[PDB]
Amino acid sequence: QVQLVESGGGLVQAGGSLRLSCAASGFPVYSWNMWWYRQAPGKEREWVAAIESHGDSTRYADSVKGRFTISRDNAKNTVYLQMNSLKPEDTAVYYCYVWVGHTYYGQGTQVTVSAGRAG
């Protein structure tokens, strides 16, 4: 019934941007708190951002404050994480979490940030 399907990750150069997508099925995203987390290999899951149910109030970890923006597309039943000014240390798998009686988890989407010259 309920599921969260992520997309929009991929490879991007330092200073660039990506828009992660968290598409829900089985409930309206506007009705529930949502959290974004990320995990880099060998590190613990790190909270990144959150948006409150039934409103637009958002909050962000200090590491991404000002660069990451949550927004909702209620017509698409989707929550986005816009990520600007990406740094190599933003590389990680990114997850969206929603509690609907119990917690549901997106499958994760890889973000890899590169720096240097290709030639």
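Counting begins at 1, following the sequence as shown.
The stretch with the higher mean CA B factor, choosing between 93 to 101 and 19 to 27, is 19 to 27. A summary of the deposited B-factors shows that, of 68 to 76 and 28 to 36, the stretch with the larger mean C-alpha value is 68 to 76. Looking at the C-alpha B-factors along this chain, the one for residue 12 belongs to the lowest third.
In the deposited entry, the Cα temperature factor of residue 57 sits in the bottom third of values across the chain's modelled residues.
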